[PDB]
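Taking it in order: structure first as structure tokens, then the write-up.
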Amino acid sequence: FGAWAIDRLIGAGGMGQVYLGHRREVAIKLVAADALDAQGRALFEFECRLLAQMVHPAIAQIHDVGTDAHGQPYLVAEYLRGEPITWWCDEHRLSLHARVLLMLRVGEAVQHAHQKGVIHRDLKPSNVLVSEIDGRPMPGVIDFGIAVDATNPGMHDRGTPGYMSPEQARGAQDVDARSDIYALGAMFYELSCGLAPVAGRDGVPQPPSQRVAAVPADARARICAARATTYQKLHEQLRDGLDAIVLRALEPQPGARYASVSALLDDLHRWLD
Ligand SMILES: O=c1[nH]c2ccc(Cl)cc2c(N[C@@H]2CN3CCC2CC3)c1-c1nc2ccccc2[nH]1
């Protein structure tokens, strides 16, 4: 496949596959040939350009973009070793404080993409990988959405309930940076209390503190061990500000949410300080 050579499959979308490859280990994303019309293909090339311009340690470089000999659009990107952020933090038993530091780093990568006019649209643990580099947990944000609104509509869909914003779930036209903010909120909720956000009748989850308070003692013990804390300290630290921050990010109305990932970061730093 060009200067690049497929090793194994690592993902599928029904309208695209991702493979592990190599010249440097790469990801090679193939797009189904009938998924993008002339306009979608234009939009795809442009957004691929925008992505290629990002220079941030937490975002994969873009090596190549083209169309294969089967009519499929492709991109080659850096392959990032790592594990889903939530799973990684549990395995290495990070404190809330170390988790929030990683949240800042993830937020800084998403904020860098927003500033270059790029919105991810599918943030979730499997697209936010962590490894240890020079002793520190360092995140990698992968698999940005490209030309998602231009896809052949003749083709359980879209993103993941819980992470995807209500607007995206209602198939809305105006999906903006605030949708990534919602998804960060949902990820940060899980990092904080070890339980998924479940939107209740008013489209808002319980505060993390109340969520972990309701679960049985065995679930409670596991969550607290994975954060190197007692239940009572976990409950208090969440109540101290992480509840408010994650709930602001998870406001069902975009207008009531953080207006920017920059505003979310400021509140995370105020909690740490
Ligand atoms: O860089 C990667 N590293 C990984 C490491 C481990 C595993 Cl299991 C998957 C990926 C992985 N696939 C994810 C695993 N899962 C399915 C595909 C992808 C998102 C969630 C990517 C990746 N880099 C990409 C760059 C551009 C486009 C796609 C990309 N995928």
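The chains in the structure tokens are called A, B, ... from first to last as shown; in each chain the residues are counted from 1, and the ligands are counted from 1 in the order shown.
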
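Neighbours of ligand 1 at a cut-off of 6 Å, computed so that only C-alpha atoms and all ligand atoms are counted, are the residues residues 10, 11, 18, 27, 29, 77, 79, 80, 81, 82, 126, 127, 142 and 143 of chain A.
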
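Close contacts of range 156-171 of chain A, defined as residues with an atom at most 7 Å away when counting only C-alpha atoms, with chain neighbours fewer than 3 positions off set aside, comprise residues 122, 124, 175, 179, 182, 183, 186, 197, 198 and 252 of chain A.
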
Test item, alpha helix (DSSP H) assignment across range 5-123 of chain A, answer as number ranges by chain = A: 38-53, 85-91, 96-115

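Nearest residue to residue 192 in chain A among A:43, A:98, A:264, A:55 is A:98, counting only C-alpha atoms.
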
How would you write, as a PyMOL selection string, the set of residues in range 39-160 of chain A that DSSP gives as strand (DSSP E or B)?
-> chain A and resi 59+62-67+73-78+83-84+128-133+136-141

Keeping only N, CA and C atoms, write the selected residues to a file as a PDB file, in the first residue's frame.
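The result, written out as selection37.pdb:
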ATOM      1  N   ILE A  59      -1.063  14.507  19.832  1.00  0.00           N
ATOM      2  CA  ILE A  59      -1.832  14.253  18.630  1.00  0.00           C
ATOM      3  C   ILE A  59      -0.943  13.616  17.567  1.00  0.00           C
ATOM      4  N   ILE A  62       0.437  13.210  10.739  1.00  0.00           N
ATOM      5  CA  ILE A  62      -0.207  12.760   9.519  1.00  0.00           C
ATOM      6  C   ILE A  62       0.850  12.643   8.437  1.00  0.00           C
ATOM      7  N   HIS A  63       1.076  11.415   7.967  1.00  0.00           N
ATOM      8  CA  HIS A  63       2.156  11.136   7.041  1.00  0.00           C
ATOM      9  C   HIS A  63       1.652  11.187   5.601  1.00  0.00           C
ATOM     10  N   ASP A  64       0.384  10.805   5.363  1.00  0.00           N
ATOM     11  CA  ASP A  64      -0.079  10.705   3.991  1.00  0.00           C
ATOM     12  C   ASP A  64      -1.604  10.615   3.897  1.00  0.00           C
ATOM     13  N   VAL A  65      -2.100  11.071   2.744  1.00  0.00           N
ATOM     14  CA  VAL A  65      -3.515  11.091   2.438  1.00  0.00           C
ATOM     15  C   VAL A  65      -3.659  10.787   0.958  1.00  0.00           C
ATOM     16  N   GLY A  66      -4.605   9.924   0.587  1.00  0.00           N
ATOM     17  CA  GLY A  66      -4.769   9.596  -0.827  1.00  0.00           C
ATOM     18  C   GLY A  66      -6.007   8.748  -1.097  1.00  0.00           C
ATOM     19  N   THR A  67      -6.056   8.207  -2.315  1.00  0.00           N
ATOM     20  CA  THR A  67      -7.135   7.281  -2.693  1.00  0.00           C
ATOM     21  C   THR A  67      -6.446   6.046  -3.227  1.00  0.00           C
ATOM     22  N   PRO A  73     -10.583   6.292  -0.229  1.00  0.00           N
ATOM     23  CA  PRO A  73      -9.779   7.319   0.422  1.00  0.00           C
ATOM     24  C   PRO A  73      -9.058   6.658   1.584  1.00  0.00           C
ATOM     25  N   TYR A  74      -7.835   7.091   1.866  1.00  0.00           N
ATOM     26  CA  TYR A  74      -7.058   6.593   3.026  1.00  0.00           C
ATOM     27  C   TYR A  74      -6.322   7.756   3.678  1.00  0.00           C
ATOM     28  N   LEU A  75      -5.929   7.564   4.932  1.00  0.00           N
ATOM     29  CA  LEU A  75      -4.912   8.405   5.605  1.00  0.00           C
ATOM     30  C   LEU A  75      -3.907   7.472   6.282  1.00  0.00           C
ATOM     31  N   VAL A  76      -2.642   7.865   6.317  1.00  0.00           N
ATOM     32  CA  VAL A  76      -1.611   7.237   7.187  1.00  0.00           C
ATOM     33  C   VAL A  76      -1.287   8.239   8.305  1.00  0.00           C
ATOM     34  N   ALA A  77      -1.248   7.750   9.537  1.00  0.00           N
ATOM     35  CA  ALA A  77      -1.012   8.548  10.755  1.00  0.00           C
ATOM     36  C   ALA A  77      -0.024   7.798  11.639  1.00  0.00           C
ATOM     37  N   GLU A  78       0.617   8.491  12.574  1.00  0.00           N
ATOM     38  CA  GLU A  78       1.450   7.853  13.620  1.00  0.00           C
ATOM     39  C   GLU A  78       0.579   6.849  14.388  1.00  0.00           C
ATOM     40  N   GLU A  83      -3.049   2.465  26.301  1.00  0.00           N
ATOM     41  CA  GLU A  83      -4.251   1.794  26.728  1.00  0.00           C
ATOM     42  C   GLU A  83      -5.316   2.849  26.952  1.00  0.00           C
ATOM     43  N   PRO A  84      -6.621   2.489  26.852  1.00  0.00           N
ATOM     44  CA  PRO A  84      -7.700   3.452  27.099  1.00  0.00           C
ATOM     45  C   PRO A  84      -7.478   4.173  28.438  1.00  0.00           C
ATOM     46  N   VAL A 128      -8.519   7.823  23.533  1.00  0.00           N
ATOM     47  CA  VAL A 128      -7.592   8.603  24.343  1.00  0.00           C
ATOM     48  C   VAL A 128      -6.672   7.627  25.073  1.00  0.00           C
ATOM     49  N   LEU A 129      -5.483   7.406  24.508  1.00  0.00           N
ATOM     50  CA  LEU A 129      -4.614   6.356  24.988  1.00  0.00           C
ATOM     51  C   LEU A 129      -3.546   6.964  25.893  1.00  0.00           C
ATOM     52  N   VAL A 130      -3.082   6.161  26.855  1.00  0.00           N
ATOM     53  CA  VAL A 130      -2.042   6.614  27.764  1.00  0.00           C
ATOM     54  C   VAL A 130      -0.924   5.591  27.743  1.00  0.00           C
ATOM     55  N   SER A 131       0.313   6.090  27.758  1.00  0.00           N
ATOM     56  CA  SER A 131       1.490   5.313  28.110  1.00  0.00           C
ATOM     57  C   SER A 131       2.395   6.159  29.003  1.00  0.00           C
ATOM     58  N   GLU A 132       3.400   5.518  29.598  1.00  0.00           N
ATOM     59  CA  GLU A 132       4.431   6.200  30.420  1.00  0.00           C
ATOM     60  C   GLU A 132       5.628   6.528  29.520  1.00  0.00           C
ATOM     61  N   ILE A 133       5.987   7.805  29.467  1.00  0.00           N
ATOM     62  CA  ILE A 133       7.082   8.350  28.618  1.00  0.00           C
ATOM     63  C   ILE A 133       7.931   9.292  29.482  1.00  0.00           C
ATOM     64  N   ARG A 136       6.461   9.899  32.912  1.00  0.00           N
ATOM     65  CA  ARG A 136       5.150  10.503  33.136  1.00  0.00           C
ATOM     66  C   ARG A 136       4.066   9.862  32.262  1.00  0.00           C
ATOM     67  N   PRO A 137       2.841   9.708  32.813  1.00  0.00           N
ATOM     68  CA  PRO A 137       1.676   9.408  32.004  1.00  0.00           C
ATOM     69  C   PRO A 137       1.458  10.532  31.014  1.00  0.00           C
ATOM     70  N   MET A 138       1.418  10.156  29.740  1.00  0.00           N
ATOM     71  CA  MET A 138       1.263  11.087  28.600  1.00  0.00           C
ATOM     72  C   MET A 138       0.120  10.582  27.703  1.00  0.00           C
ATOM     73  N   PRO A 139      -0.908  11.404  27.413  1.00  0.00           N
ATOM     74  CA  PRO A 139      -2.022  10.954  26.593  1.00  0.00           C
ATOM     75  C   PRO A 139      -1.793  11.075  25.085  1.00  0.00           C
ATOM     76  N   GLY A 140      -2.535  10.297  24.288  1.00  0.00           N
ATOM     77  CA  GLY A 140      -2.567  10.415  22.837  1.00  0.00           C
ATOM     78  C   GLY A 140      -4.022  10.407  22.352  1.00  0.00           C
ATOM     79  N   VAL A 141      -4.440  11.479  21.666  1.00  0.00           N
ATOM     80  CA  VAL A 141      -5.793  11.585  21.143  1.00  0.00           C
ATOM     81  C   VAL A 141      -5.767  11.138  19.682  1.00  0.00           C
TER      82      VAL A 141
END

Would you write out, as CSV, a table of all residues in range 21-137 of chain A that have an atom no more than 10 Å from an atom of range 221-243 of chain A, listing for each the closest atom pair and the distance in Å to one decimal, considering only C-alpha atoms and ordering rows by chain and rising residue number?
residue,atom,partner,partner_atom,distance
A:87,CA,A:226,CA,9.9
A:89,CA,A:226,CA,7.7
A:90,CA,A:226,CA,4.9
A:91,CA,A:226,CA,7.1
A:92,CA,A:226,CA,7.7
A:93,CA,A:226,CA,4.6
A:94,CA,A:227,CA,5.3
A:95,CA,A:227,CA,4.7
A:96,CA,A:227,CA,6.3
A:97,CA,A:227,CA,9.3
A:98,CA,A:227,CA,9.4
A:99,CA,A:227,CA,8.8
A:100,CA,A:242,CA,9.2

Surrounding residues of residue 152 in chain A excluding itself and chain neighbours under 3 positions, 7 Å, only C-alpha atoms, as a PyMOL selection string | chain A and resi 35-36+155

At what distance in Å, to one decimal, does CA of residue 153 in chain A lie from CA of residue 40 in chain A?
-> 11.7 Å

Rounded to one decimal place, report the CA of residue 110 in chain A-CA of residue 148 in chain A distance in Å.
-> 17.6 Å

Close residues, residue 244 in chain A itself excluded, 12 Å, only C-alpha atoms, min 3 positions apart in chain, as a list in words |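 The neighbour list is residues 185, 188, 189, 192, 205, 206, 207, 208, 209, 237, 238, 239, 240, 241, 247, 248, 249, 250, 251, 257, 258, 264, 267, 268 and 271 of chain A.
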
For residue 245 in chain A, which residue among A:217, A:109, A:184, A:26 is the nearest when counting only C-alpha atoms?
->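 Answer, going by the shortest atom-to-atom distance: A:184.
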
Which residues, written as a PyMOL selection string, have at least one atom at most 12 Å from residue 38 in chain A, with only C-alpha atoms counted and residues fewer than 4 positions away on the same chain left out?
-> chain A and resi 33-34+42-45+73+147+150-152

Residue selection dump (N, CA and C atoms) as a JSON list (two decimals), in the first residue's frame:
[["chain", "number", "residue", "atom", "x", "y", "z"],
["A", 33, "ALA", "N", -15.36, 3.14, -0.58],
["A", 33, "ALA", "CA", -15.29, 3.94, -1.82],
["A", 33, "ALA", "C", -16.56, 4.73, -2.09],
["A", 34, "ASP", "N", -17.71, 4.21, -1.68],
["A", 34, "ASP", "CA", -19.01, 4.86, -1.97],
["A", 34, "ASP", "C", -19.46, 5.73, -0.80],
["A", 42, "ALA", "N", -13.69, 16.27, -1.18],
["A", 42, "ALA", "CA", -13.12, 17.59, -0.99],
["A", 42, "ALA", "C", -13.05, 17.92, 0.50],
["A", 43, "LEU", "N", -14.17, 17.72, 1.20],
["A", 43, "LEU", "CA", -14.20, 18.06, 2.62],
["A", 43, "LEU", "C", -13.16, 17.20, 3.36],
["A", 44, "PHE", "N", -13.05, 15.91, 3.02],
["A", 44, "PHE", "CA", -12.13, 14.99, 3.67],
["A", 44, "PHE", "C", -10.68, 15.45, 3.48],
["A", 45, "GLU", "N", -10.30, 15.85, 2.26],
["A", 45, "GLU", "CA", -8.92, 16.23, 1.97],
["A", 45, "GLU", "C", -8.55, 17.48, 2.76],
["A", 73, "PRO", "N", -10.58, 6.29, -0.23],
["A", 73, "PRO", "CA", -9.78, 7.32, 0.42],
["A", 73, "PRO", "C", -9.06, 6.66, 1.58],
["A", 147, "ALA", "N", -14.89, 14.56, 7.98],
["A", 147, "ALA", "CA", -15.99, 14.70, 7.04],
["A", 147, "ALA", "C", -17.22, 13.91, 7.50],
["A", 150, "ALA", "N", -20.65, 14.55, 5.87],
["A", 150, "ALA", "CA", -20.77, 14.45, 4.40],
["A", 150, "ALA", "C", -20.90, 13.00, 3.96],
["A", 151, "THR", "N", -21.10, 12.09, 4.90],
["A", 151, "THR", "CA", -21.09, 10.69, 4.51],
["A", 151, "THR", "C", -22.41, 10.36, 3.80],
["A", 152, "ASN", "N", -22.28, 9.45, 2.82],
["A", 152, "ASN", "CA", -23.39, 8.78, 2.18],
["A", 152, "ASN", "C", -24.38, 8.35, 3.27]]

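Distances from A:101, A:187, A:146, A:3 to residue 50 in chain A were compared using only C-alpha atoms, and the smallest one belongs to A:146.
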
Calculate how many Å separate CA of residue 111 in chain A from CA of residue 56 in chain A, rounding to one decimal.
-> 10.4 Å

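Distances to residue 28 in chain A were evaluated for A:14, A:145, A:107, A:2 using only C-alpha atoms, and the minimum falls at A:2.
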